[PDB]
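A.B. asks: Structure below; questions to follow.
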Amino acid sequence: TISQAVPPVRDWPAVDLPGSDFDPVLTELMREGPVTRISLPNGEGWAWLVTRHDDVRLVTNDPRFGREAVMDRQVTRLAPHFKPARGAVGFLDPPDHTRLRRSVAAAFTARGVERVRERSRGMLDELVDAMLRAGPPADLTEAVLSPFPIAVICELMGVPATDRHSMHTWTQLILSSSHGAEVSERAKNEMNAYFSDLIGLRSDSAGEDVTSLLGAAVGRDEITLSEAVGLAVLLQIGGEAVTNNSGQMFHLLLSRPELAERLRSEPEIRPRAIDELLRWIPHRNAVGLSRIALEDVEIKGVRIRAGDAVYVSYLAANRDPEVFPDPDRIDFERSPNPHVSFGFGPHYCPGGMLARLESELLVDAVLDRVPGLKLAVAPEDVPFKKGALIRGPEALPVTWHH
Ligand code: HEM
């Protein structure tokens with residue numbers, strides 16, 4: 001009856017934000033309305049953006065939106081390079097996405113990840129033992145936050161003991177180090193070859209570890225060898241997300257002492273506190289991967305045309321004032337806490353339960369075993385990743401009583 005003008009296209013340039021400060025451009029978009037249009041540094045054109053919790057759930061869970069179609073054109077994006085392997089789990093839709101996620105689902109459920117809690121707790125104590133032995137001045141990221149997620153994933157994946165040192169090295173080299181491309185690509189190839197072999201050997205394995213599950217799914221013609229290897233690599237190197245995120249957790253726990261004090265005073269609230277931290281921490285820069293409207297869809301009186309690219313902001317959704325009253329307040333007691341830090345819909349993060357487990361063990365060890373733990377520099381002096389997709393510290397210098 002009455003025309004509702006489409007929103008203006010908002011430019012969203014890459015900006016390095018300090019520590020855990022919220023993106024002011026995202027804030028502006030959140031205040032403009034539930035549905036906006038954005039233009040990112042890379043790719044071409046514009047894309048719709050939804051920021052409200054309900055809209056984010058709709059776009060990420062509804063069959064009317066697809067991921068596969070995304071690789072048909074250069075959708076405006078943040079990352080400089082795009083158009084990777086299609087077999088990538090992120091670019092697959094139900095006709096094949098389900099087969100891949102189903103293959104390893106059991107190992108990533110709450111009970112699945114509990115299988116490695118004891119071993120992981122032990123490995124963490126070894127890392128902390130070493131840091132304490134070395135003495136007071138340390139980079140918590142290098143000494144703990146970085147190696148721990150890798151050690152835990154090796155155990156969950158079922159990587160032979162004598163091959164884990166290689167996994168560590170490959171992971172570090174992969175998409176994050178010197179001799180860009182060359183070294184990174186080389187390590188990526190070695191890891192691919194490794195998992196290609198391990199999984200193949202597990203063709204008829206009944207093991208519960210991830211590679212065994214992958215090998216069996218392959219053996220049963222549920223997924224191809226290529227599909228299994230690709231996912232295995234992604235899962236193997238996905239721990240960096242925990243390294244970065246937990247990095248923000250401790251930066252927060254140390255810069256806002258009241259938070260650390262509460263967790264030491266009431267250990268029982270740690271699980272819920274971790275979830276609150278996960279909801280609050282601005283995990284990434286801008287937005288990640290869009291979805292293409294497969295047919296026309298209306299959102300808050302806005303007509304999203306079939307073919308249009310649509311982005312969701314999980315960070316904004318986690319600050320939805322209706323769902324999270326006083327959204328900017330870090331409240332460990334926040335009763336209902338339906339955050340989407342681990343995404344939503346078919347593509348929700350498989351590592352979510354694992355990330356919570358790793359975060360819980362980390363908080364325990366760091367807050368209970370480091371006497372007088374505090375930042376060794378001013379909070380604003382902690383270096384954070386620049387030109388990154390996933391936010392977090394480059395290092396987290398801490399000190400304590402020897
Ligand atoms: C606190 C740490 C983590 C956070 C905040 C996080 C967050 C996310 C988010 C927001 C997505 C996108 C969902 C979407 O496409 O709508 C995702 C996808 C994914 N994450 Fe994580 N993640 C974390 C840790 C991990 C870990 C440790 C692993 C490896 C076990 C992992 C593996 C994956 C994979 C494989 C996907 C793609 C899933 C698919 O598209 O089917 N994540 N994650």
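Every chain in the structure tokens has a letter given in the order shown (A, B, ...), and although residue numbers restart at 1 in each chain, ligands are simply numbered from 1 in the order shown.
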Identify, counting only C-alpha atoms and all ligand atoms, the protein, DNA and RNA residues located within 8 Å of ligand 1, and give them as a count of residues only.
C.D. replies: 47
A.B. asks: Compile the contact shell of residue 175 (chain A) as a short mmCIF file (atom, residue, chain, number, x, y, z; two decimals) with N, CA and C atoms, in the first residue's frame: residues with an atom at most 8 Å away, counting only C-alpha atoms, same-chain residues fewer than 3 positions apart removed.
C.D. replies:
data_model
loop_
_atom_site.label_atom_id
_atom_site.label_comp_id
_atom_site.auth_asym_id
_atom_site.auth_seq_id
_atom_site.Cartn_x
_atom_site.Cartn_y
_atom_site.Cartn_z
N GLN A 172 50.42 -24.27 13.49
CA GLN A 172 51.02 -22.95 13.67
C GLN A 172 51.38 -22.33 12.32
N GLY A 180 54.66 -16.15 4.01
CA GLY A 180 53.27 -16.30 3.61
C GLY A 180 53.08 -17.18 2.39
N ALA A 181 51.91 -17.79 2.29
CA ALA A 181 51.58 -18.67 1.18
C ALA A 181 52.47 -19.91 1.17
N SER A 184 52.80 -21.66 4.54
CA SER A 184 51.43 -21.95 4.94
C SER A 184 50.80 -23.04 4.08
N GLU A 185 50.87 -22.87 2.76
CA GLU A 185 50.31 -23.83 1.82
C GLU A 185 50.98 -25.20 1.96
#
A.B. asks: At a cut-off of 10 Å, using only C-alpha atoms, what residues contact residue 299 (chain A)? Leave out same-chain residues fewer than 6 positions from it and give the result as a short mmCIF file (atom, residue, chain, number, x, y, z; two decimals) with N, CA and C atoms, in the first residue's frame.
C.D. replies:
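Wrote it out as around.cif, contents follow:
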data_model
loop_
_atom_site.label_atom_id
_atom_site.label_comp_id
_atom_site.auth_asym_id
_atom_site.auth_seq_id
_atom_site.Cartn_x
_atom_site.Cartn_y
_atom_site.Cartn_z
N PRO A 34 16.22 -2.99 12.04
CA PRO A 34 16.53 -4.42 11.99
C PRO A 34 17.17 -4.85 10.67
N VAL A 35 16.84 -4.17 9.58
CA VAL A 35 17.40 -4.54 8.28
C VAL A 35 18.13 -3.39 7.60
N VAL A 50 21.21 -8.27 9.02
CA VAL A 50 20.21 -8.30 10.08
C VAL A 50 20.98 -8.35 11.39
N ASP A 55 15.66 -12.15 13.89
CA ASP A 55 15.99 -12.10 12.48
C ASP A 55 17.21 -12.95 12.17
N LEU A 58 16.18 -16.52 12.10
CA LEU A 58 15.45 -16.83 10.88
C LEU A 58 16.39 -17.04 9.70
N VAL A 59 17.26 -16.07 9.46
CA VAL A 59 18.17 -16.15 8.34
C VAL A 59 19.15 -17.32 8.39
#
A.B. asks: Give the answer as one residue: which of A:13, A:389, A:187, A:64 has the shortest atom-to-atom distance to residue 81 (chain A), using only C-alpha atoms?
C.D. replies: A:389
A.B. asks: Considering only C-alpha atoms, return as a ChimeraX atom specification whatever protein or nucleic-acid residues lie within 12 Å of residue 68 (chain A), sequence-local ones (same chain, fewer than 4 positions apart) excluded.
C.D. replies: /A:72-73,83-97,289-294,307,309
A.B. asks: I'd like the interatomic distance between CA of residue 229 (chain A) and CA of residue 214 (chain A), to a tenth of an Å.
C.D. replies: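 CA of residue 229 (chain A) sits 8.4 Å away from CA of residue 214 (chain A).
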A.B. asks: Got a sec to tell me which of region 39-200 of chain A DSSP assigns to alpha helix (DSSP H), as an MDAnalysis selection string?
C.D. replies: chainID A and resid 53:61 94:108 110:113 117:134 140 147:157 164:173 182:200
A.B. asks: Please return as number ranges by chain: the residues of region 28-173 of chain A that backbone DSSP assigns to strand (DSSP E).
C.D. replies: A: 35-39, 47-50, 65-66, 138-139
A.B. asks: Of the candidates A:367, A:136, A:396, A:156, which shows the shortest atom-to-atom distance to residue 208 (chain A), using only C-alpha atoms?
C.D. replies: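 Once distances to residue 208 (chain A) are computed over only C-alpha atoms, the minimum belongs to A:156.
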A.B. asks: Which polymer residues have any atom within 8 Å of an atom of residue 14 (chain A), counting only C-alpha atoms, with same-chain residues fewer than 4 positions away left out, as a list in words?
C.D. replies: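 The contact residues come out as residues 40, 41, 78 and 387 of chain A.
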A.B. asks: Any idea what's packed within 10 Å of residue 327 (chain A), counting only C-alpha atoms, ignoring anything in its chain fewer than 4 positions away? Could you give it as a list in words?
C.D. replies: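 Here the qualifying residues turn out to be residues 279, 280, 316, 317, 318, 319, 320, 321, 322, 323 and 331 of chain A.
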A.B. asks: Keeping only C-alpha atoms, write the selected residues to a file as a PDB file, in the first residue's frame.
C.D. replies:
ATOM      1  CA  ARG A 279      27.939 -13.904  24.663  1.00  0.00           C
ATOM      2  CA  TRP A 280      29.669 -10.565  25.315  1.00  0.00           C
ATOM      3  CA  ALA A 316      24.883  -7.624  17.446  1.00  0.00           C
ATOM      4  CA  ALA A 317      22.330 -10.374  18.123  1.00  0.00           C
ATOM      5  CA  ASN A 318      24.127 -11.107  21.384  1.00  0.00           C
ATOM      6  CA  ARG A 319      23.447  -7.499  22.431  1.00  0.00           C
ATOM      7  CA  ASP A 320      19.752  -7.597  21.462  1.00  0.00           C
ATOM      8  CA  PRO A 321      18.167  -5.517  24.269  1.00  0.00           C
ATOM      9  CA  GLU A 322      14.929  -7.475  24.176  1.00  0.00           C
ATOM     10  CA  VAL A 323      16.616 -10.855  24.548  1.00  0.00           C
ATOM     11  CA  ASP A 331      26.457 -10.323  34.320  1.00  0.00           C
TER      12      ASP A 331
END
A.B. asks: For each of A:121, A:178, A:79, A:300, take the minimum atom-to-atom distance to residue 52 (chain A), counting only C-alpha atoms, then give the residue where this is smallest.
C.D. replies: A:300
A.B. asks: Tell me which of A:384, A:275, A:353, A:132 sits closest to residue 339 (chain A), counting only C-alpha atoms.
C.D. replies: A:275
A.B. asks: One decimal, in Å: what's the spacing between CA of residue 259 (chain A) and CA of residue 31 (chain A)?
C.D. replies: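 For CA of residue 259 (chain A) relative to CA of residue 31 (chain A), the distance reads 28.9 Å.
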A.B. asks: Which residue gives the smallest distance to residue 99 (chain A) among A:254, A:395, A:361, A:217, with only C-alpha atoms counted?
C.D. replies: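 Closest residue, counting only C-alpha atoms: A:217.
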A.B. asks: Select, from A:47, A:71, A:274, A:144, the residue with the minimum atom-to-atom distance to residue 333 (chain A), counting only C-alpha atoms.
C.D. replies: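 That would be A:274, the residue with the smallest distance to residue 333 (chain A).
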